[PDB]
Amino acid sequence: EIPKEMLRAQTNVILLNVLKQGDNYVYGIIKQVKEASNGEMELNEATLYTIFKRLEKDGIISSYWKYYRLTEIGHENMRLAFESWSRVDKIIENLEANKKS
């Protein structure tokens, strides 16, 4: 099985991409994710509330009438993160190439 700290990191990435598709409520998020995962990924409510309280605390999402939305801070951090993980991709690719030669 996969490490747990890495399982949460994966779940955070997925929830944020859902909100990126559009504002959403918990039921819609778990439903959309289950379908998008061909049934394989069943998120529990309390895991989302645990995760959503933290993202709200960090200003990454906000709520309203209960819908959740990706803030402008959230959109910005998703770009930096995606670019950072891109630099990593190249570092690893450089390591492979340098190994061969």
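Superpose the two forms; the largest set of C-alphas matching within 1.5 Å is the rigid core. In this text, residue numbers run from 1 along the sequence as written.
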{"query": "Which of 69 to 77 and 39 to 47 lies farther from this form in 4 other deposited structures of this protein, as RMS of C-alpha positions after a rigid core fit", "finding": "39 to 47"}
{"query": "Farther-lying stretch by C-alpha RMS in 4 other deposited structures of this protein, rigid core as reference, of 7 to 15 and 80 to 88", "finding": "80 to 88"}
{"query": "Gap size between residue 66 and residue 65, counted in deposited residues that the entry leaves unmodelled", "finding": "4 to 9"}
{"query": "Higher-scoring stretch by recorded Cα B factor average, 42 to 50 or 68 to 76", "finding": "42 to 50"}
{"query": "Ranked C-alpha temperature factor of residue 85 among modelled chain residues, by third", "finding": "lowest"}
